[PDB]
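Okay, final.pdb is below, PDB, N, CA and C atoms:
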ATOM      1  N   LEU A2235      59.907  49.507   0.358
ATOM      2  CA  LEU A2235      60.181  48.802  -0.885
ATOM      3  C   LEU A2235      60.601  47.366  -0.617
ATOM      4  N   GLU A2236      61.425  47.149   0.404
ATOM      5  CA  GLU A2236      61.834  45.799   0.765
ATOM      6  C   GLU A2236      60.655  44.948   1.205
ATOM      7  N   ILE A2237      59.748  45.520   1.994
ATOM      8  CA  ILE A2237      58.556  44.790   2.411
ATOM      9  C   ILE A2237      57.743  44.368   1.199
ATOM     10  N   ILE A2238      57.467  45.311   0.296
ATOM     11  CA  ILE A2238      56.684  44.986  -0.890
ATOM     12  C   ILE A2238      57.379  43.979  -1.784
ATOM     13  N   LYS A2239      58.703  44.044  -1.887
ATOM     14  CA  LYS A2239      59.418  43.089  -2.718
ATOM     15  C   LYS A2239      59.215  41.669  -2.211
ATOM     16  N   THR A2240      59.384  41.455  -0.906
ATOM     17  CA  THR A2240      59.187  40.121  -0.350
ATOM     18  C   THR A2240      57.724  39.712  -0.416
ATOM     19  N   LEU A2241      56.812  40.666  -0.215
ATOM     20  CA  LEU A2241      55.394  40.359  -0.321
ATOM     21  C   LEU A2241      55.046  39.827  -1.697
ATOM     22  N   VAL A2242      55.469  40.524  -2.746
ATOM     23  CA  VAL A2242      55.243  40.055  -4.104
ATOM     24  C   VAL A2242      55.974  38.754  -4.394
ATOM     25  N   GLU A2243      57.245  38.645  -4.025
ATOM     26  CA  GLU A2243      58.045  37.460  -4.280
ATOM     27  C   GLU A2243      57.497  36.222  -3.594
ATOM     28  N   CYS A2244      56.821  36.380  -2.463
ATOM     29  CA  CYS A2244      56.305  35.248  -1.711
ATOM     30  C   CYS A2244      54.932  34.807  -2.186
ATOM     31  N   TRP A2245      54.027  35.747  -2.420
ATOM     32  CA  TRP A2245      52.686  35.422  -2.901
ATOM     33  C   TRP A2245      52.570  35.614  -4.409
ATOM     34  N   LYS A2246      53.321  34.836  -5.189
ATOM     35  CA  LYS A2246      53.232  34.885  -6.649
ATOM     36  C   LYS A2246      52.178  33.881  -7.101
ATOM     37  N   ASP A2247      51.014  33.949  -6.465
ATOM     38  CA  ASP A2247      49.981  32.961  -6.738
ATOM     39  C   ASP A2247      48.623  33.578  -7.039
ATOM     40  N   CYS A2248      48.267  34.644  -6.331
ATOM     41  CA  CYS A2248      46.940  35.234  -6.437
ATOM     42  C   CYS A2248      47.019  36.747  -6.393
ATOM     43  N   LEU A2249      48.177  37.294  -6.725
ATOM     44  CA  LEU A2249      48.413  38.727  -6.642
ATOM     45  C   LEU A2249      48.249  39.337  -8.023
ATOM     46  N   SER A2250      47.079  39.910  -8.272
ATOM     47  CA  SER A2250      46.877  40.722  -9.458
ATOM     48  C   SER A2250      47.668  42.010  -9.308
ATOM     49  N   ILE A2251      48.802  42.091  -9.993
ATOM     50  CA  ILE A2251      49.691  43.234  -9.828
ATOM     51  C   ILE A2251      48.980  44.467 -10.360
ATOM     52  N   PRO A2252      48.741  45.455  -9.533
ATOM     53  CA  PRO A2252      47.944  46.598  -9.971
ATOM     54  C   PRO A2252      48.776  47.659 -10.658
ATOM     55  N   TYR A2253      48.455  47.926 -11.911
ATOM     56  CA  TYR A2253      48.926  49.123 -12.580
ATOM     57  C   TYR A2253      47.855  50.193 -12.416
ATOM     58  N   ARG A2254      47.969  51.278 -13.174
ATOM     59  CA  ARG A2254      47.041  52.399 -13.090
ATOM     60  C   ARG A2254      47.146  53.045 -11.715
ATOM     61  N   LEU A2255      48.115  52.609 -10.914
ATOM     62  CA  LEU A2255      48.660  53.427  -9.842
ATOM     63  C   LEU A2255      50.171  53.496  -9.889
ATOM     64  N   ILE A2256      50.828  52.414 -10.307
ATOM     65  CA  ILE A2256      52.224  52.517 -10.707
ATOM     66  C   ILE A2256      52.355  53.528 -11.830
ATOM     67  N   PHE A2257      51.425  53.487 -12.784
ATOM     68  CA  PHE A2257      51.477  54.394 -13.920
ATOM     69  C   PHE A2257      51.519  55.847 -13.467
ATOM     70  N   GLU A2258      50.570  56.264 -12.623
ATOM     71  CA  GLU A2258      50.566  57.648 -12.153
ATOM     72  C   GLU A2258      51.800  57.969 -11.334
ATOM     73  N   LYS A2259      52.479  56.951 -10.813
ATOM     74  CA  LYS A2259      53.715  57.212 -10.094
ATOM     75  C   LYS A2259      54.805  57.697 -11.042
ATOM     76  N   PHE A2260      54.934  57.071 -12.214
ATOM     77  CA  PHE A2260      55.925  57.512 -13.187
ATOM     78  C   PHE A2260      55.321  58.239 -14.380
ATOM     79  N   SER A2261      54.069  58.674 -14.298
ATOM     80  CA  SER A2261      53.457  59.441 -15.373
ATOM     81  C   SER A2261      53.468  60.931 -15.073
ATOM     82  N   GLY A2262      54.436  61.377 -14.287
ATOM     83  CA  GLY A2262      54.508  62.766 -13.908
ATOM     84  C   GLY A2262      55.077  63.638 -15.003
ATOM     85  N   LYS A2263      55.234  64.908 -14.660
ATOM     86  CA  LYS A2263      55.818  65.915 -15.533
ATOM     87  C   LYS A2263      56.713  66.773 -14.648
ATOM     88  N   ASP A2264      57.054  67.970 -15.123
ATOM     89  CA  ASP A2264      57.829  68.901 -14.314
ATOM     90  C   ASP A2264      59.193  68.312 -13.987
ATOM     91  N   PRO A2265      60.129  68.334 -14.924
ATOM     92  CA  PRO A2265      61.439  67.723 -14.674
ATOM     93  C   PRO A2265      62.216  68.427 -13.580
ATOM     94  N   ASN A2266      61.589  68.574 -12.418
ATOM     95  CA  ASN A2266      62.254  69.088 -11.232
ATOM     96  C   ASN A2266      61.782  68.342  -9.996
ATOM     97  N   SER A2267      61.218  67.153 -10.186
ATOM     98  CA  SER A2267      60.605  66.395  -9.108
ATOM     99  C   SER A2267      61.141  64.976  -9.121
ATOM    100  N   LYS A2268      61.637  64.522  -7.975
ATOM    101  CA  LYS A2268      62.042  63.131  -7.847
ATOM    102  C   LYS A2268      60.819  62.288  -7.526
ATOM    103  N   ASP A2269      59.749  62.458  -8.301
ATOM    104  CA  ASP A2269      58.472  61.837  -7.990
ATOM    105  C   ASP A2269      58.177  60.599  -8.811
ATOM    106  N   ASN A2270      58.740  60.481 -10.001
ATOM    107  CA  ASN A2270      58.589  59.264 -10.774
ATOM    108  C   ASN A2270      59.559  58.191 -10.323
ATOM    109  N   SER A2271      60.467  58.528  -9.408
ATOM    110  CA  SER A2271      61.379  57.533  -8.861
ATOM    111  C   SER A2271      60.616  56.406  -8.193
ATOM    112  N   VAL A2272      59.527  56.735  -7.500
ATOM    113  CA  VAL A2272      58.766  55.707  -6.804
ATOM    114  C   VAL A2272      58.153  54.730  -7.797
ATOM    115  N   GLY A2273      57.598  55.238  -8.895
ATOM    116  CA  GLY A2273      57.026  54.349  -9.889
ATOM    117  C   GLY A2273      58.072  53.499 -10.573
ATOM    118  N   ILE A2274      59.221  54.094 -10.882
ATOM    119  CA  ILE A2274      60.299  53.337 -11.501
ATOM    120  C   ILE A2274      60.762  52.229 -10.573
ATOM    121  N   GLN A2275      60.916  52.536  -9.287
ATOM    122  CA  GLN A2275      61.372  51.526  -8.343
ATOM    123  C   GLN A2275      60.333  50.430  -8.157
ATOM    124  N   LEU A2276      59.052  50.792  -8.125
ATOM    125  CA  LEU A2276      58.011  49.778  -8.014
ATOM    126  C   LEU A2276      57.993  48.862  -9.227
ATOM    127  N   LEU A2277      58.141  49.429 -10.424
ATOM    128  CA  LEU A2277      58.220  48.594 -11.612
ATOM    129  C   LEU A2277      59.470  47.729 -11.593
ATOM    130  N   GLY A2278      60.577  48.258 -11.076
ATOM    131  CA  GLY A2278      61.759  47.441 -10.901
ATOM    132  C   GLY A2278      61.554  46.297  -9.940
ATOM    133  N   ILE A2279      60.767  46.511  -8.888
ATOM    134  CA  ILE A2279      60.432  45.423  -7.975
ATOM    135  C   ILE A2279      59.611  44.365  -8.691
ATOM    136  N   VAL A2280      58.544  44.786  -9.372
ATOM    137  CA  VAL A2280      57.681  43.803 -10.019
ATOM    138  C   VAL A2280      58.438  43.075 -11.118
ATOM    139  N   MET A2281      59.467  43.710 -11.678
ATOM    140  CA  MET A2281      60.249  43.068 -12.721
ATOM    141  C   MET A2281      61.405  42.261 -12.148
ATOM    142  N   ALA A2282      61.747  42.481 -10.878
ATOM    143  CA  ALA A2282      62.744  41.643 -10.231
ATOM    144  C   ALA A2282      62.294  40.197 -10.168
ATOM    145  N   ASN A2283      60.986  39.966 -10.124
ATOM    146  CA  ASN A2283      60.429  38.631 -10.258
ATOM    147  C   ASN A2283      60.136  38.379 -11.729
ATOM    148  N   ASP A2284      59.540  37.236 -12.050
ATOM    149  CA  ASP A2284      59.238  36.915 -13.437
ATOM    150  C   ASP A2284      57.898  37.486 -13.874
ATOM    151  N   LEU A2285      57.427  38.532 -13.216
ATOM    152  CA  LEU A2285      56.097  39.077 -13.437
ATOM    153  C   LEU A2285      56.055  39.930 -14.695
ATOM    154  N   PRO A2286      55.176  39.609 -15.637
ATOM    155  CA  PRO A2286      55.119  40.351 -16.891
ATOM    156  C   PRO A2286      54.769  41.804 -16.646
ATOM    157  N   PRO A2287      55.375  42.721 -17.390
ATOM    158  CA  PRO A2287      54.987  44.125 -17.270
ATOM    159  C   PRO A2287      53.646  44.380 -17.938
ATOM    160  N   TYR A2288      52.854  45.225 -17.291
ATOM    161  CA  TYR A2288      51.698  45.894 -17.872
ATOM    162  C   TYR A2288      50.465  45.016 -18.093
ATOM    163  N   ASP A2289      50.600  43.674 -18.036
ATOM    164  CA  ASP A2289      49.467  42.744 -17.943
ATOM    165  C   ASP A2289      48.236  43.246 -18.692
ATOM    166  N   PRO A2290      48.241  43.189 -20.029
ATOM    167  CA  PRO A2290      47.430  44.105 -20.851
ATOM    168  C   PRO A2290      46.028  44.423 -20.363
ATOM    169  N   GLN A2291      45.223  43.402 -20.083
ATOM    170  CA  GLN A2291      43.826  43.647 -19.749
ATOM    171  C   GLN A2291      43.688  44.178 -18.329
ATOM    172  N   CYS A2292      44.325  45.312 -18.047
ATOM    173  CA  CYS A2292      44.207  45.936 -16.738
ATOM    174  C   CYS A2292      44.123  47.452 -16.865
ATOM    175  N   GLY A2293      43.843  47.962 -18.061
ATOM    176  CA  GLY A2293      43.699  49.400 -18.169
ATOM    177  C   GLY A2293      44.220  50.053 -19.430
ATOM    178  N   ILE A2294      45.138  51.001 -19.242
ATOM    179  CA  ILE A2294      45.637  51.887 -20.289
ATOM    180  C   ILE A2294      46.217  51.081 -21.443
ATOM    181  N   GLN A2295      46.146  51.634 -22.651
ATOM    182  CA  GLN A2295      46.767  51.003 -23.805
ATOM    183  C   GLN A2295      48.279  50.970 -23.626
ATOM    184  N   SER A2296      48.906  49.894 -24.110
ATOM    185  CA  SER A2296      50.344  49.723 -23.930
ATOM    186  C   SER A2296      51.126  50.903 -24.478
ATOM    187  N   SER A2297      50.627  51.532 -25.541
ATOM    188  CA  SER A2297      51.352  52.639 -26.150
ATOM    189  C   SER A2297      51.568  53.764 -25.149
ATOM    190  N   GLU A2298      50.492  54.230 -24.517
ATOM    191  CA  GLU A2298      50.616  55.336 -23.573
ATOM    192  C   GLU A2298      51.400  54.923 -22.339
ATOM    193  N   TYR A2299      51.142  53.714 -21.839
ATOM    194  CA  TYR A2299      51.872  53.197 -20.688
ATOM    195  C   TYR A2299      53.372  53.261 -20.920
ATOM    196  N   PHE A2300      53.846  52.578 -21.958
ATOM    197  CA  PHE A2300      55.272  52.518 -22.221
ATOM    198  C   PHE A2300      55.846  53.845 -22.686
ATOM    199  N   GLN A2301      55.056  54.691 -23.346
ATOM    200  CA  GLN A2301      55.545  56.017 -23.688
ATOM    201  C   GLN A2301      55.817  56.839 -22.442
TER     202      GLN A2301
END
Structure re-expressed in structure tokens:
Amino acid sequence: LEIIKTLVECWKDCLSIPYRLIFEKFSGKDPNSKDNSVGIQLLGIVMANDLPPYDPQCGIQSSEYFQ
């Protein structure tokens, strides 16, 4: 996570932040799995910078994403 944080923070120039894999990280079910933690932490990293969440024209409708 630290490596990725510095990677994103340093190259804020040509990095198309990819969703539709962060999404599946926190789009889990089965409330007995610490598996959406990775997606939450990745979104927290991307939000630690000034990077907009969900960058609309990259996939899923905002409704399902944020739900």
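Every protein, DNA or RNA residue with an atom at most 8 Å from residue 2238 in chain A, where only N, CA and C atoms count and chain neighbours fewer than 4 positions away do not, is listed here: residues 2242, 2243, 2244, 2279 and 2280 of chain A.
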Discussion item. Under the PyMOL selection byres (((chain A and resi 2239 and name CA) around 12) and name CA), which residues of this model are included? Write them out as a PyMOL selection string.
Written reply: chain A and resi 2235-2238+2240-2246+2275-2283+2285
Discussion item. I need the helix (DSSP H, G or I) residues of chain A per DSSP on the backbone, written as an MDAnalysis selection string.
Written reply: chainID A and resid 2236:2244 2256:2260 2271:2282 2296:2300
Selection result of the PyMOL selection byres (((chain A and resi 2252-2263 and name CA) around 8) and name CA) on this file, as a tab-separated table (two decimals) with N, CA and C atoms, in the coordinates of the input:
chain	number	residue	atom	x	y	z
A	2250	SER	N	47.08	39.91	-8.27
A	2250	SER	CA	46.88	40.72	-9.46
A	2250	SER	C	47.67	42.01	-9.31
A	2251	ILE	N	48.80	42.09	-9.99
A	2251	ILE	CA	49.69	43.23	-9.83
A	2251	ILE	C	48.98	44.47	-10.36
A	2264	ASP	N	57.05	67.97	-15.12
A	2264	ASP	CA	57.83	68.90	-14.31
A	2264	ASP	C	59.19	68.31	-13.99
A	2265	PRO	N	60.13	68.33	-14.92
A	2265	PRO	CA	61.44	67.72	-14.67
A	2265	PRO	C	62.22	68.43	-13.58
A	2269	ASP	N	59.75	62.46	-8.30
A	2269	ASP	CA	58.47	61.84	-7.99
A	2269	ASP	C	58.18	60.60	-8.81
A	2270	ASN	N	58.74	60.48	-10.00
A	2270	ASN	CA	58.59	59.26	-10.77
A	2270	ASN	C	59.56	58.19	-10.32
A	2271	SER	N	60.47	58.53	-9.41
A	2271	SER	CA	61.38	57.53	-8.86
A	2271	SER	C	60.62	56.41	-8.19
A	2272	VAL	N	59.53	56.74	-7.50
A	2272	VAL	CA	58.77	55.71	-6.80
A	2272	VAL	C	58.15	54.73	-7.80
A	2273	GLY	N	57.60	55.24	-8.90
A	2273	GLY	CA	57.03	54.35	-9.89
A	2273	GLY	C	58.07	53.50	-10.57
A	2274	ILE	N	59.22	54.09	-10.88
A	2274	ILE	CA	60.30	53.34	-11.50
A	2274	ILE	C	60.76	52.23	-10.57
A	2276	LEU	N	59.05	50.79	-8.12
A	2276	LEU	CA	58.01	49.78	-8.01
A	2276	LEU	C	57.99	48.86	-9.23
A	2277	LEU	N	58.14	49.43	-10.42
A	2277	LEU	CA	58.22	48.59	-11.61
A	2277	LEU	C	59.47	47.73	-11.59
A	2288	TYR	N	52.85	45.22	-17.29
A	2288	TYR	CA	51.70	45.89	-17.87
A	2288	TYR	C	50.46	45.02	-18.09
A	2292	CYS	N	44.32	45.31	-18.05
A	2292	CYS	CA	44.21	45.94	-16.74
A	2292	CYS	C	44.12	47.45	-16.86
A	2293	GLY	N	43.84	47.96	-18.06
A	2293	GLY	CA	43.70	49.40	-18.17
A	2293	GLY	C	44.22	50.05	-19.43
A	2294	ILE	N	45.14	51.00	-19.24
A	2294	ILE	CA	45.64	51.89	-20.29
A	2294	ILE	C	46.22	51.08	-21.44
A	2299	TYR	N	51.14	53.71	-21.84
A	2299	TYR	CA	51.87	53.20	-20.69
A	2299	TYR	C	53.37	53.26	-20.92
